[PDB]
Amino acid sequence: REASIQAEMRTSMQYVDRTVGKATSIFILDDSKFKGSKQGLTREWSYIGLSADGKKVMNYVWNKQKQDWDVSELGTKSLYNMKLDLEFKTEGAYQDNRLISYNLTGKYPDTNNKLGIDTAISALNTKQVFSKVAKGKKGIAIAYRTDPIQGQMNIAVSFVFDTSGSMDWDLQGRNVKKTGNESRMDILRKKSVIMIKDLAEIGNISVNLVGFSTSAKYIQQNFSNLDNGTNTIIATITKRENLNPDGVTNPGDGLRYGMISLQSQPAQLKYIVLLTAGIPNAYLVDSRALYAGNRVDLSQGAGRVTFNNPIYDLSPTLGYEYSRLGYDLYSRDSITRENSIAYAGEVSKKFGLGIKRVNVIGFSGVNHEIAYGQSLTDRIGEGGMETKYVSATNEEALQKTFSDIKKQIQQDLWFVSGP
């Protein structure tokens, strides 16, 4: 009657579900983060593992008093010297609950035809569940906590927004006043304020505002922590005087300003949210590029000024001079377009070292005004950081992407904080 050992492993899994249901956060670990005993065990995170030897399902708890783990035997009995194997997986989710699938199996010393409890399914009462297993692992241990992480590293966020003429029109590109619609800038103000409000919910996060047009401008150069009142930023955002559309689209300068402001801050989690609503058509060059017939001035003739051998302005000193500007008001010159994108590429390559991710949002109803958002995002990707491009064609879509960006920020915080 082998039903005894099978029922034993089932009782053990019942104990596991009982303990997991009470957890606020879950993390599936592997051979790296759990090789049995307290080896490599991370502070303040209780576990549930297969026991370094391999036959007693172990449960390590956090004493928090003696600052140590309290080894305990899962359930209360002990099997009859059987070879165990445990494996956890994230099997999707029910309505708003997430499902886990414990899989306990075992064989017996120097024999075959193992025995097992096929695969269970347990729904957790939380949503903060992640997996820290990789490429060829299984997930053999479980990490959790009862009370939330009692405060962790801070986050820095730079909002590089477009403030060009292409932002005064509709989303759908029609006229400003000829239609009863709100300009891209107005809707950006609304959605950005909503983002700011729901962003402070992360806690320990500070955001600054950078605006780019023909050149870049610091709307709020000081990184104000939302924990001390979000109203400090919202005001500057809704301030009717500043932040109005004017000029060509120069993303390189905006990236430079945002990345430098992020490099300054001490938060070990830096992010840049860039919003553009037009094809890139401008860039800034170094004073050196102002040599012989290197600057072709078709400004009054064909409406543009280009540089044959552009030496992009990548100096930490932020300044603007019309004489060092390359642009194409009609955004029809492929040379100026490619150079405007390469400018942001070099800027990201130099000022984007400790940046976690760069979110590029193309906010435009015109199907072609944001045709290079993906290209610009990929170019910025050369800096060696995570880059995500997204297109928002309506107010609802813009709010959806802003909310999703906040969600991803919280997931990176929870993941980085608490393994």
# chains A, B, ... in the order shown; residues from 1 in each chain; ligands from 1

call {"tool": "residues_around", "arguments": {"residues": "range 61-70 of chain A", "least_positions_apart": "4", "cutoff": "8 Å", "atoms": "only C-alpha atoms", "output": "MDAnalysis selection string"}}
result
chainID A and resid 38 44:47

call {"tool": "residues_around", "arguments": {"residues": "range 280-288 of chain A", "least_positions_apart": "5", "cutoff": "10 Å", "atoms": "only C-alpha atoms", "output": "PyMOL selection string"}}
result
chain A and resi 213-215+247-253+304-307+309-315+319-344+369-373+376

call {"tool": "select_by_dssp", "arguments": {"residues": "range 44-256 of chain A", "states": "strand (DSSP E)", "output": "PyMOL selection string"}}
result
chain A and resi 46-49+58-62+69-73+83-87+90-93+98-100+103-107+115-117+122-124+128-131+141-145+155-162+205-212+216-225

call {"tool": "residues_around", "arguments": {"residues": "range 182-185 of chain A", "least_positions_apart": "3", "cutoff": "12 Å", "atoms": "only C-alpha atoms", "output": "NGL selection string"}}
result
:A and (161-179 or 188-192 or 211 or 237-238 or 240 or 242-246 or 275-278 or 362-366 or 392-395 or 398)

call {"tool": "closest_residue", "arguments": {"among": "A:77, A:118, A:158, A:49", "to": "residue 139 in chain A", "atoms": "only C-alpha atoms"}}
result
A:49

call {"tool": "residues_around", "arguments": {"residues": "range 99-114 of chain A", "least_positions_apart": "2", "cutoff": "7 Å", "atoms": "only C-alpha atoms", "output": "PyMOL selection string"}}
result
chain A and resi 82-94+97+116-124

call {"tool": "atom_distance", "arguments": {"atom1": "CA of residue 43 in chain A", "atom2": "CA of residue 143 in chain A"}}
result
10.8 Å

call {"tool": "select_by_dssp", "arguments": {"residues": "range 143-352 of chain A", "states": "helix (DSSP H, G or I)", "output": "PyMOL selection string"}}
result
chain A and resi 165-167+184-202+226-228+231-238+251-264+287-289+299-302+322-324+334-351

call {"tool": "closest_residue", "arguments": {"among": "A:126, A:303, A:141, A:221", "to": "residue 35 in chain A", "atoms": "only C-alpha atoms"}}
result
A:141
